[PDB]
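To begin, one chain is listed below as structure tokens, in the form deposited in one PDB entry.
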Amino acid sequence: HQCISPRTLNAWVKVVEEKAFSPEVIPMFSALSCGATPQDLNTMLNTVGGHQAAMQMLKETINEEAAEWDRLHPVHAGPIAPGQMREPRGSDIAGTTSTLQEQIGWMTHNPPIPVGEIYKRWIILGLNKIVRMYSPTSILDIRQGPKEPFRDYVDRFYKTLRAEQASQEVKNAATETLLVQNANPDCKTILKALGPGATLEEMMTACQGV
């Protein structure tokens, strides 16, 4: 195991400062946190000053997933064989009850116990709930202005849809339901003159220059 480089912490601290809890901070978290042990993950979360409300919401989500892991992967009493390793509990995956050496031993075992990937899934799950919840705009409030260029409105549309709560079933049908409807009347007449089944490229091109 090699350590978090100073440029990796530096970039994670700065991206939380700049982008706060916008959707694009989760993929950069997972990218910066790649191959990380639970101890490295806890270090990344501990370096975040401020936003302590979301960090507390992150702890509750992790505690929920850890309790589900303990119900689905119950521990068994008994001495550990010399060649093998004890199973990780919920707190073990979160780095609470486990050491760095045990986390490595789980991640390099045969078969390996990717405790880092499991913990990262819990953190990302808790981070996804914070992003959509910190969003103050619904997809229904995204309407094209009388002179708003069509690309700018479609840009706000899918930026809102990405951070939207709702569900994937709503996001899949949002374009066919709300995009053309909430466009301004001049662009709307052009889009209806294309017929359903038109791609986004065909819609944006038909309303270019308007």
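Residue numbers run from 1 along the displayed sequence. Basically, rigid core = biggest C-alpha set you can superpose within 1.5 Å across the two forms.
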163 to 171 versus 54 to 62 - which carries the larger mean C-alpha B factor in the record: 163 to 171
Which wins on mean Cα temperature factor, 42 to 50 or 174 to 182? 174 to 182
Could you check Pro114, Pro82, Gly95, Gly126 and tell me which one carries the biggest Cα B-factor in the deposited entry? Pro82
Would you check the entry's CA temperature factor for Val131 and let me know if it's in the chain's lowest, middle or highest third? lowest
What third of the chain, by the recorded C-alpha B-factor, contains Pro149? highest
Using the B-factor values recorded in the entry, state whether the Cα atom of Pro74 falls in the lowest, middle or highest third among the modelled residues of its chain. highest
How does the C-alpha B factor of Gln103 compare with the rest of the chain: lowest, middle or highest third? lowest
State the tercile, meaning the lowest, middle or highest third, of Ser138 with respect to the CA B-factors recorded for its chain. middle
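Another form exists, deposited in another entry; not displayed. Remarks below refer to it.
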Rigid-core-referenced C-alpha movement of 2 Å or more between the shown form and the other one, selected from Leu45, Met57, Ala174, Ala66: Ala174
Knowing the shift is 3 Å or more, I'd like to know if the C-alpha atoms of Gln168 and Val15 are closer or farther apart in that other deposited form than in the shown chain. closer
How does the CA gap of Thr199 and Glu169 change in that other deposited form versus this form, closer or farther, if it moves 3 angstroms or more? closer
